[PDB]
Ligand SMILES: Nc1nc2c(ncn2[C@@H]2O[C@H](CO)[C@@H](O)[C@H]2OP(=O)(O)O)c(=O)[nH]1
Ligand code: NA
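In the entry's author numbering, the protein residues as written are 1 to 104.
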């Protein structure tokens, strides 16, 4: 099912729970993967109205269905907090520069 669309990529609630679980376990272990070092803090410069407390972390979510393991992160991210509550799914597709737009 298409529960969120980021650009032309569709992701399901399960796709999002899977991606977040991976991201949170690395957060907890205090290790990172890939050159841009994920998970990394999400600052919320954009000011999205998340309904979970900060701080937030971003972890890539991929349209191929695989869990990020370094390599190309694409434009999409699952965002979660320190308590492992999901905050939102965001993407760089449809925004200029390094900005983000929320997946809908
Ligand atoms: N637009 C934007 N980027 C952020 C924020 N917090 C961290 N970043 C990361 O900061 C980078 C630019 O300095 C953005 O591409 C993005 O990287 P990632 O997409 O790899 O997660 C934020 O609040 N807004
Ligand atoms: Na992708």
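C-beta: ideal position from N, C-alpha, C; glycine also.
{"Asked": "Can you give me the start and stop residues for the alpha helix (DSSP H) that residue 16 sits inside?", "Found": "13-29"}
{"Asked": "Can the beta-carbon of residue 78 be found closer than 7 angstroms to that of residue 56?", "Found": "no"}
{"Asked": "What residue from 59, 53 and 100 has the CA that sits closest to residue 83's CA?", "Found": "53"}
{"Asked": "Does the separation of the CB atoms of residue 1 and residue 12 fall below 7 angstroms?", "Found": "yes"}
{"Asked": "Rank 10, 62 and 73 by C-alpha distance to the C-alpha of residue 38 and give the top, closest one.", "Found": "73"}
{"Asked": "According to DSSP, what are the bridge partners of residue 56?", "Found": "42 and 81"}
{"Asked": "Who does residue 34 pair with in a DSSP beta bridge?", "Found": "Residue 34 is not bridged to any residue."}
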